[PDB]
Amino acid sequence: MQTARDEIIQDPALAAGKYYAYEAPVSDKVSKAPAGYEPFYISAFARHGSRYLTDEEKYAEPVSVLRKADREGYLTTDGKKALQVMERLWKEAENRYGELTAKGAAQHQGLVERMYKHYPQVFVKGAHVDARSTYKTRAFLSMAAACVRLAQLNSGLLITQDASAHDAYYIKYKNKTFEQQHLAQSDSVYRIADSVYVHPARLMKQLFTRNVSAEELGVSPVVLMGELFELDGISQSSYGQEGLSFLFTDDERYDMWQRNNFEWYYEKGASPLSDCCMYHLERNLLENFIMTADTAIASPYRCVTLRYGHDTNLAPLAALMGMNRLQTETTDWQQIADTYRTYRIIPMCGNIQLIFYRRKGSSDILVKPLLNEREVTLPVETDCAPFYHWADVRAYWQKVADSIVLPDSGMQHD
Amino acid sequence: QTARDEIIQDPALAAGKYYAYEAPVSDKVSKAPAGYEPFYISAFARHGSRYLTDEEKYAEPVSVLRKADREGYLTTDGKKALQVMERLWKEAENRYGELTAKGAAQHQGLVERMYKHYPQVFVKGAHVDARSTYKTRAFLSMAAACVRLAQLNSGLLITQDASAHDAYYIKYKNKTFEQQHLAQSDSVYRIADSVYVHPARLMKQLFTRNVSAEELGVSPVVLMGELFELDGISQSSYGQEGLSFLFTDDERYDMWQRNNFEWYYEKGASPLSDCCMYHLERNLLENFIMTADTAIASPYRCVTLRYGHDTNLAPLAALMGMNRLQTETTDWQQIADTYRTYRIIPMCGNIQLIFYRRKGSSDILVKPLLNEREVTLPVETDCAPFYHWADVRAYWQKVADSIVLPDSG
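What follows is the structure in structure tokens.
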């Protein structure tokens, strides 16, 4: 539909991208399934909800730069206003770095609330909600919030939780060797990305009364601008905390989003600069979607599969599934945002949901794919969009998974 | 009963820190004085039943017996032990240190008995404030309990956290303090092994011939410790055979004593570590005091649930002054009289404080429970098993104020 540029002009919060605080779709409506079809299985992967920045230094470094300017008298009034905001953001996050916020828990309560409202026939008494997480507290506290909410919504669900190293091979897959096969020269690529997207000259004059250099700051202007942009976005993780929007023009807001958007496209998407197939990393997660759907479709019980993790794995999974046009390959720095937009893929509480439908007396299973609760296309033909035939989707995904070979990494192997 | 007789009646208790929690046999709870109703619960619970924390705790002993098997000096009893140990390792594979299904069921049972016995605490709109450490076994115990509470009363307000911000009281650690008082622990444990661990008979039961510690790769005392650990951890699984056929009644008691001593020494009242190692839990005691003050003054209704590790549960029990845990002795055999790990830190071990108020009276009462058994506190009371919170609080505050801990980490 709209350009990413127009979307971000209409809603500046979307430029936070990976830090965008999840919002339910404006429309509460759900596409009607073909006659006789009812939902019976839901399979999901959900990123943790809104969180603070992951390292104390992501607060401490830019704050100390501005406090020093203040102390030595070259911080402007806008600079002082910015410093005051960042001090409040840091105080909020103090000794809670990387951790889920109260707003982040509410996002996951809302996510399963809307699941329950939309597909009540899935969440019948005795149905086994199988929820799993990574070891990271932000991921499993998102699971914990969601599971307590489902238990409040229906006392009869059988809800189990785990956060086990035994599942890491698909719920938090990692292969540094594969990354190093493609990203060894990422330093060079990012220097080019910085010069294409990050334009710090105007902001430096807004922040400081006299001209400053990379050497007096302790960080380059490009780094300082990125750090201030990250703080502006992370303000969304808190209730009633203002950001730093007054530090960024609309074009700079768009460009700083583009800079992190490119990073995801490069490290985890279809960039030709990383040889187009970085999203092959999620073969195992894709296979776990296939196998657990196979089990639920053949099961005499009722099932729901919930997985809680990280955008590190969510972003490539959406591309590997073939959603929309995520697999489009381009090196045009400005064209990426056409088909690949992080706020539509990996916001806080970002999530993929597959809704499986069944009709009595018919072995023709249908599946509705949702990316952040919006219908998506899959690279197979269908006669009942937004619905797909599971037989066609399964064949395509299994063929994709079968074609991916991943290298030994440490003691881990295919 | 004595610890020796309790272990004769119920050998599973000798697993100590690995004993799989069981509810009290009677569903009865003591009657509060007239007009008193429970209104606040404050708890600290260890994670439920878990696998061993490191792969080497399975691999090392298993490889010893596989070596004996390959080279043909493993007895038939030895092969039987190897069979069960391979089974225990297979259960734990890639789940080292993790909560088991039984450990989750323990924590569901714990809150459902809180709910049954003190139902006036669990009313619509009450805030259940649950917090954990960052370790998955602790968090998942929390998560199992909170889902259970949600099912018992969806009107509760249940929040969950597992924050570095709570570590100073929910997972306290002070390596400097330990090195001040445990500096020669290596020497103390070599003596303790000599006192308690006697592997000659077991070595002859396991192997067809004498075997040197060099050929085993581990000393016979280490191997006996590892086999006893594997025997205990079988309790974490449903329907898993242990190794009871490798230990006589006397050895089972003595191996329990050896680990019991380790807790008494590192976390209890042993004169060998200068009698005040349980001072480590001053912050956790202060958190119990202040969250109780807040609940007593609150216009809302509250429950405080903390989920953690026996590293902190054991000293908390002693620092609160429960029963005779603070009794000081160097007599290796007398420890067990007043200090018994299966009564303090089993799997799902827990301290609960049940607070009661009477309408129109500011005299708050508190009932202290250790693994759901009433305990004494070093405070006078005119209505045991209940204590006046004003007296308990004054005693715990001065205990906390008397403690000096070094800045560490």
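Note that the protein sequences, when read in sequence, are chains E and A. 20 is the number of the first residue of the first sequence in PDB author numbering; add one for each residue after it. 21 is the number of the first residue of the second sequence in PDB author numbering; add one for each residue after it. The beta-carbon is built from N, C-alpha and C at its ideal position, and this holds for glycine as well.
Buried versus exposed call for residue i [16 or more other C-beta atoms within 10 Å across all chains shown]
i, result
"E/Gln255", "buried"
"E/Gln354", "exposed"
"A/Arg321", "buried"
"A/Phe142", "buried"
"E/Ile374", "buried"
"A/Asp402", "exposed"
"A/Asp383", "exposed"
"E/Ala79", "exposed"
"E/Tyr258", "exposed"
"A/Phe265", "exposed"
"E/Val323", "buried"
"E/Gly341", "buried"
"E/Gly145", "exposed"
"A/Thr120", "buried"
"A/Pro398", "exposed"
"A/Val215", "exposed"
"A/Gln199", "exposed"
"E/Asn230", "exposed"
"A/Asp186", "buried"
"E/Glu282", "buried"
"E/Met275", "buried"
Contact set between residue i and chain E, taken where Cβ atoms lie within less than 9 Å
i, result
"A/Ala203", "Residues of chain E passing the Cβ test: none, with the nearest at roughly 31 Å."
"A/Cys166", "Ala163, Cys166, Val167, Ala170"
Interface residues of chain E facing residue i [CB-CB closer than 8 Å]
i, result
"A/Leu160", "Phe159, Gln180, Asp181, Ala182"
Contacts of residue i in chain A (Cβ-Cβ under 7 Å)
i, result
"E/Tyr258", "Chain A residues near E/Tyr258: none, gap ~15 Å exceeds 7 Å."
"E/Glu132", "Result: empty, since nearest Cβ-Cβ is about 13 Å, beyond 7 Å."
Residues that residue i contacts on chain E, provided the C-beta gap is smaller than 7 Å
i, result
"A/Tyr135", "Ordered by position in chain E, no residue passes the 7 Å Cβ test against A/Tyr135, which lies about 13 Å from the chain."
"A/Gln171", "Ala170, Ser174"
"A/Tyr154", "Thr156"
Best match in the options for proximity to residue i [C-alpha to C-alpha]
i, options, result
"E/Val238", "E/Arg66, E/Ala414, E/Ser46, E/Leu85", "E/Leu85"
"A/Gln417", "A/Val104, A/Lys48, A/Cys368, A/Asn303", "A/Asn303"
"A/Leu390", "A/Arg377, A/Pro405, A/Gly380, A/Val399", "A/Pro405"
"E/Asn173", "E/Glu261, E/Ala158, E/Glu132, E/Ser205", "E/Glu132"
"E/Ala63", "E/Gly380, E/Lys77, E/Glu106, E/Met134", "E/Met134"
"E/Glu106", "E/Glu118, E/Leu250, E/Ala170, E/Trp276", "E/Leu250"
"E/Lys379", "E/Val424, E/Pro53, E/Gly68", "E/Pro53"
"A/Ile178", "E/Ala124, E/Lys136, E/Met223, E/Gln140", "E/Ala124"
"E/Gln140", "E/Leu345, E/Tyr56, E/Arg360, E/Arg278", "E/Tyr56"
"E/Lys48", "E/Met20, E/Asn114, E/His137", "E/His137"
"A/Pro58", "A/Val419, A/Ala315, A/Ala420, A/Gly328", "A/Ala315"
"E/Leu108", "E/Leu263, E/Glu282, E/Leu169", "E/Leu263"
"A/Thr349", "A/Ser83, A/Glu76, A/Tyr285, A/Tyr327", "A/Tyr285"
"A/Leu345", "A/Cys295, A/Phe248, A/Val386, A/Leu385", "A/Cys295"
"A/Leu333", "A/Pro319, A/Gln372, A/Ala356, A/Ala317", "A/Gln372"
"E/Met162", "E/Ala43, E/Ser50, E/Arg66", "E/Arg66"
"E/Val242", "E/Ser381, E/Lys77, E/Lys224, E/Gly252", "E/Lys77"
Cβ-heavy atom distance, residue i to the ligand FAD, below 7 Å
i, result
"A/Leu130", "This structure does not include the ligand FAD; it has no bound ligands of any sort."
Quiz item: At a Cβ cut of 8 Å, what residues of the segment 184 to 195 of chain E count as close to chain A, listed as they run along the chain?
Solution: Residues of the segment 184 to 195 of chain E whose Cβ lies closer than 8 Å to any Cβ of chain A, in chain order: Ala184, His185.
Self-check item: Interface residues of the segment 55 to 79 of chain A facing chain E [CB-CB below 8 Å]
Solution: From the segment 55 to 79 of chain A, no residue has a Cβ closer than 8 Å to chain E.
Quiz item: Is it true that the segment 37 to 49 of chain E meets the segment 297 to 315 of chain E, where meeting means three or more beta-carbon pairs spaced less than 8 Å apart?
Solution: In short, these stretches do not touch, since the Cβ pair count stays below three.
Quiz prompt | Validate contact between the segment 361 to 377 of chain E and the segment 335 to 353 of chain E using beta carbons, cut 8 Å, 3 pairs | solution = With the cut-off at 8 Å, the segment 361 to 377 of chain E and the segment 335 to 353 of chain E touch.
Quiz item: With contact counted as at least three CB pairs below 8 Å, one residue from each stretch, are the segment 409 to 416 of chain A and the segment 79 to 98 of chain A in contact?
Solution: In short, these stretches do not touch, since the Cβ pair count stays below three.
Quiz item: When Cβ atoms are compared, which residues of the segment 345 to 362 of chain A fall closer than 9 Å to chain E?
Solution: Taking 9 Å as the cut-off between beta carbons, none of the residues of the segment 345 to 362 of chain A comes near chain E.
Self-check item: Under 9 Å (Cβ pairs) to chain A, residues found in the segment 252 to 281 of chain E
Solution: Look at the segment 252 to 281 of chain E: it has no residue with a C-beta under 9 Å from a C-beta of chain A.
Quiz item: Are at least three pairs of beta-carbons, each pair with one atom in the segment 185 to 197 of chain E and one in the segment 140 to 154 of chain E, less than 8 Å apart?
Solution: In this structure the segment 185 to 197 of chain E lies against the segment 140 to 154 of chain E, because at least three pairs of beta carbons, one per stretch, are closer than 8 Å.
Practice problem: Report yes or no: do three or more beta-carbon pairs, one from the segment 193 to 207 of chain E and one from the segment 420 to 432 of chain E, lie closer than 8 Å? | Solution: Short answer: they touch.
Quiz prompt | Proximal residues, the segment 104 to 120 of chain E versus chain A, C-beta separation under 9 Å | solution = The residues in question are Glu113, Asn114, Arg115, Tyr116, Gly117, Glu118, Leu119.
Quiz prompt | Inter-stretch contact at 8 Å, needing at least 3 Cβ pairs: the segment 53 to 70 of chain A / the segment 392 to 402 of chain A | solution = Segments in contact, no.
Practice problem: Mind the definition here: the segment 281 to 292 of chain A touches the segment 308 to 317 of chain A only if three or more C-beta pairs lie below 8 Å; say whether that holds. | Solution: The segment 281 to 292 of chain A and the segment 308 to 317 of chain A do not touch, with fewer than 3 CB-CB distances between them shorter than 8 Å.
Quiz item: Is the segment 86 to 93 of chain E touching the segment 203 to 215 of chain E, taking contact as three or more C-beta pairs under 8 Å?
Solution: The segment 86 to 93 of chain E makes no contact with the segment 203 to 215 of chain E: fewer than 3 CB pairs, one atom from each, lie closer than 8 Å.
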